[PDB]
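dropping in the first section of the assembly, placed as in the complex:
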Amino acid sequence: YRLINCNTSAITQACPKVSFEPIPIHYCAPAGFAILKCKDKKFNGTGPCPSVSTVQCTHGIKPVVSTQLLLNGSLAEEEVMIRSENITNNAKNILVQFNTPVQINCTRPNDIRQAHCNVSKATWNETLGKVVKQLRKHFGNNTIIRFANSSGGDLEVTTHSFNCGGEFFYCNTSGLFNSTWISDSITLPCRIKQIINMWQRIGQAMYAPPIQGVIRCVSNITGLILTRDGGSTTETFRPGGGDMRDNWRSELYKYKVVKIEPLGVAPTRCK
Amino acid sequence: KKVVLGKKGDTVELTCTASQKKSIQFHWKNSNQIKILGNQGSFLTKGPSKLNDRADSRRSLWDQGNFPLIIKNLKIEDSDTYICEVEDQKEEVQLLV
Amino acid sequence: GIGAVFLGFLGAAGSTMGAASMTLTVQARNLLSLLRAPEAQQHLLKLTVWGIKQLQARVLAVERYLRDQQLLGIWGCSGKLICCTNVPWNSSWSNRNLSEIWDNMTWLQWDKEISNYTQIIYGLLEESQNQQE
């Protein structure tokens, strides 16, 4: 009644080594409905959007899951946007968009369970530089910003996990957040784990061994997910993520499904 | 304003609980509002507190609403107050060893 | 086909109700507005679930339109866009000056205005069209 028996089952399907390239899937609205795009560009997600168009289907959204990053997404148009439900709460995932894609090359070279992601330095230092510009808007442009690593938890959210080609990479983004902002390339030591935690429901999954050849990955980082830690100050932004809803609250932030009611009544002086 | 007593070292199971049975997002913070332990979808996460290596939770109980917090190696300095924030029910449980 | 005009109504939102009814007259004329590849036997039953799924939309856009104009045709007028009928306007339905309605309000305001009374007018439009017959 308190320590109730939970039978951790184990269903075993027939598992080949299948390809995996996510295509853009855009959601249309049925007949008699519409979708209201928010064509603003300072739009922080909430509040009154002053320029609203009406479209039936949205842009080709790519279902690209990851933790701690948002690969192959869609970009901003003016500056780096910083969205949150309630900022100054220290329990809400601060989303971040990029108006320029920090390209990341990631390959398994020729150990089978080892890979490397290469990201270009100073395209990252300026993009960490753009973020500490708009971050100081919600603060007192002081209280020295210190990026740092994660804190712990599962291995899926303390490292930038993704899945390119069919294998489930786990990259140690620890050089990407090590600076502190007062008032050539980088290499990341990825693995390929076979025993992962599913993001779908609660449970573990063990997969086939990695494929034999080379595994390329050309993804364009268009987004972060940070998190603060309110002490009693420097406001350290320890990155995270992992609820997969937040990967699609950053490509469905400018949309709204309404219902069209085309019958109105009014008083007139007719006869 | 619950009361939980430990001796030293033992595992205490503080508990907040919702009424949904559908694995909704919670957290766990302390009196200085630093994150102790958190849920992120279907994965666990810690926070940069001083219980970051010692805290834990039971993963299988999230699917029935029960979101515990299991602490190992009880020192004297964790005698504080802890706050579970499920969606609004910011319940406070205090701890002593 | 018809689902194109179901969304073209929204081009007059944000304007005033005197202007949007006039735009509707122009919109009245504006509401008057192919898989032939070599298909393998694997493509045959896959391009046909792409055929039925689009044709479950074109008939829903027809069947919604006839479920509109069945409800209008109860209230006297079938096929009329601008239709006024023989029910007197009650004063308790958010009383306001008629210049304070057709000149300084958008149509979305009336959703916020009389939605507490919108069901009551609909029964009156049935009864007076039944009492007159």
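Yep, that arrived. Numbering: from 1, shown residues only, chains lettered A, B, ... in the order given.

ok, the residue of the stretch 1-150 of chain A found nearest chain C - how many residues close by?
Residue of the stretch 1-150 of chain A nearest chain C, by C-beta to the nearest C-beta: residue A:31 (4.4 Å). From N, CA and C alone the C-beta is placed, and that goes for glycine too. Counted with other C-beta atoms under 10 Å in any protein chain shown, the neighbours of residue A:31 add up to 20.

what does chain B have sitting close to chain A?
With C-beta under 8 Å from any C-beta of the partner chain as the criterion, chain B meets chain A at residues B:23, B:25, B:27, B:29, B:32-35, B:38, B:40-49, B:52-53, B:59-63, B:85.

6 Å instead?
Contact residues, chain B versus chain A (C-beta under 6 Å from any C-beta of the partner chain): B:27, B:32-34, B:40-48, B:52, B:60, B:63.

which of the residues you listed are buried? Put it as a ChimeraX command.
Per 16 or more other C-beta atoms under 10 Å in any protein chain shown, the buried members of these correspond to this ChimeraX selection:
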select /B:27,34,40,41,42,43,44,45,46,47,48,52
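
run through the residues of chain B next to chain A and flag the ones next to chain C.
Restricting these to those touching chain C (C-beta under 6 Å from any C-beta) yields no residues.

coming back round to it: who's in contact with the residue of the stretch 1-150 of chain A closest to chain C?
Taking C-beta atoms under 6 Å, 6 or more residues apart in numbering or on different chains, we find residue A:31 in contact with C:3, C:60, C:61, C:64.

one more chain, chain D:
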Amino acid sequence: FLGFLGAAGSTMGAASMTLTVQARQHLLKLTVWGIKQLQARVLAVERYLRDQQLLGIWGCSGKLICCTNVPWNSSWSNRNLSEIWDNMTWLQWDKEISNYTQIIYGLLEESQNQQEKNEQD
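This next block brings in chain D, placed alongside the chains you saw above:
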């Protein structure tokens, strides 16, 4: 666009009122039987549009209940009109009126047709 509009119509006063209220591989199994459920709907649209031209010729287009200026004859099943709505199903009408429905449809032609010339003068 109704072809059924059933709602289990039994008692006529409940049938009249609710009428105003209500109607106001494995891919071969689902593609053959999806086209069959589109031939149901698309016919049930074209059965409506054929019908609403017939009521339009009588003058009763669009209105579900319509009243018109043709009284009963003597040989049109003269029962009392108060018990007729009390205990009878709508099914029991087409049993009760057999060959009169063809001349009722003819008289409702000329009742509108003489009226179109009457208001013309």
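
what do you get for the neighbour count of residue A:31 once chain D is counted?
20.

what about it, is that helix, strand or coil?
coil (DSSP: H, G, I helix; E, B strand; the rest coil).

that one and residue D:24, how far apart?
19 Å (C-beta to C-beta, to the nearest Å).

ok, now residue A:95?
46 Å.

from chain B, which residue is nearest to chain C?
When scored by C-beta to the nearest C-beta, chain B has residue B:88 as its residue closest to chain C, at 28.4 Å.

so for residue A:95 and residue D:24, which residue has more residues nearby?
For residue A:95 versus residue D:24, neighbours defined as other C-beta under 10 Å are more numerous around residue A:95 (22 against 12).

quick check: the more buried one touching residue A:83?
Yes: judged on C-beta atoms under 6 Å, residue A:95 makes contact with residue A:83 at a distance of 4.4 Å.

for burial, what's the neighbour tally of the residue of chain B closest to chain C?
Counted with other C-beta under 10 Å, residues neighbouring residue B:88 total 5.

now name the helix or strand holding it.
Under the criterion DSSP states H and E, no helix or strand holds residue B:88.

what distance do you get for residue C:50 to chain A?
14 Å (C-beta to the nearest C-beta, to the nearest Å).

assumed residue C:50 was part of a strand.
No: using three-state DSSP, the secondary structure at residue C:50 is helix, not a strand.

could you find the closest non-adjacent residue to it?
Once flanking residues are discounted, residue C:50 sits nearest to residue C:35: 7.2 Å by C-beta to C-beta, 6 or more residues apart in numbering or on different chains.

then chain E, please:
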Amino acid sequence: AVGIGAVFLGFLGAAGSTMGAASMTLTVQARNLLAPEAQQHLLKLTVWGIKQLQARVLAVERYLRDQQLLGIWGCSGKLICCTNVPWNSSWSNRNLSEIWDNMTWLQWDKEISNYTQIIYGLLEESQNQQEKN
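To build on what is shown above, here is chain E added in:
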């Protein structure tokens, strides 16, 4: 096809008759009308079934786009319908007996087609101003 595709072609009977003779047929024609191989049994059910339902819903939405256009003018379902627009006498300047006794619709429509956009604007406006006041 097998629905309201025969109605659009059945209108074209009695062309070349006089305009009184077509009018007598208007209300009466729309009263009277509106292999042991498993592989062929599949296509006759699946892709030849869709392609004949893409032509039956084409004839529906061709028809409703006509009865909607008569709805702006005010008729919407009456086959014979007359309005409040007065006939301008600079429209072919012809005798009313010379038109309805000895002239065919094709001969008639060739006369009028210079300005049938101008007539179609008036019937919309007159049904915009008979429901305005």
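
and the neighbour count of residue A:31, now that chain E is part of it?
When neighbours are counted by other C-beta under 10 Å, residue A:31 registers 20.

over to residue A:249?
15.

secondary structure element for it?
Element membership of residue A:249, judged by DSSP H and E, is empty: it is in no helix or strand.

hey, what's the residue nearest the centre of chain B bridged with?
Central residue of chain B (C-alpha atoms, centre = their mean): residue B:69, 3.5 Å from the mean position. Beta-bridge pairing of residue B:69 under DSSP bridges involves residue B:14.

now do the contacts for it.
Contacts of residue B:69 by C-beta under 6 Å, 6+ apart are B:14, B:28, B:37, B:57.

want to try CSV for the residues you listed, with secondary structure and distance to residue A:163 as columns?
Shown next, in CSV, are those (DSSP: H, G, I helix; E, B strand; the rest coil; distance: C-beta to C-beta, whole Å):
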residue, secondary structure, distance to residue A:163
B:14, strand, 35
B:28, strand, 30
B:37, strand, 27
B:57, coil, 26
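
show me which of the residues you listed is closest to chain D.
Nearest to chain D among the contacts of residue B:69, counting by C-beta to the nearest C-beta, is residue B:57 at 42.1 Å.

torsion angles phi and psi at that closest one?
phi -160, psi 170 (degrees, to the nearest 10).

any idea how far residue A:95 is from the residue nearest the centre of chain A?
The structure's chain A has its C-alpha centroid closest to residue A:70; by C-alpha atoms, centre = their mean the separation is 3.5 Å. From residue A:70 across to residue A:95, the span is 8 Å (C-beta to C-beta).
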